[PDB]
């Protein structure tokens, strides 16, 4: 089939330049294993985990697949240090980081053979982690679901690719091969998707979450928590709208009702109380397919898109 070789496929020793996004609750071992088996890089989201949970998670994944995989670590977690140690001890091939500067850990992880891929939303952070020894970076645009920065993918991927020599991985707004083509045009050498993979048959999120992604238009997301210092892109529900109003009228009250809301969405499909992290890519997703098919479709459309672009330079 149409397989694309990039510096990221070489670096990670995987078949396809497609990574799964680090997601708390949704980023389970079953989903990660599926993406890794399909030839991409599955990622376990440790966001919501204690060290024993992560270790149980890594073990479950390995009972499902021999292929490479990664773990996402949220730096603002109070278990961050211990989670990094679990990864070194379990010899996890790739480790990605969110919510901060992971310079602190790069050297130890690297000396143990781990590939380190920070998630960044600024040209600055990209440069710093490159100097600190990062193997690659994930430039995540604000159209992405979950916690977001302030720069769109179109601009960010461009700027970051120009600024660093290490490969850049595009994240935010990519749900098909047109998107991969575009990401690559901007300078990326791999893509990362979250929403698209939650919208898979292997994803074990609650059905209502899948239903909402499918039925969502490109305009059915809103940003909550901007005023609380942790802006997040979520499905536009009447609850999301109340949180928005609330974070001005009573910030404490808003912080309160966000507590446990990510889990209520992912595990309980609770529309009246949950936070459904969803990128704007939701509006480019109309069905639920198996992970293997999603990848094949993206690679096929990528080849087609590059071919029609060839048409203009004749």
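Positions refer to the first chain, counted from 1.
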Going by the entry, of stretches 276-284 and 244-252 the one with greater average Cα B-factor is 244-252
Of 226-234 and 162-170, the stretch with the higher mean C-alpha B-factor in the deposited entry is 226-234
From 214, 99, 157, 151, can you pick the one with the highest C-alpha B factor in the entry?
99
Modelled-residue ranking by C-alpha temperature factor, third containing residue 80:
highest
If you rank the chain by CA B-factor, which third does residue 257 end up in: lowest, middle or highest?
highest
Chain-relative CA temperature factor third for residue 26:
highest
Of the three thirds of Cα B-factor ranks in this chain, residue 32 occupies the lowest
Residue 207 CA temperature factor, ranked by third within the chain:
lowest
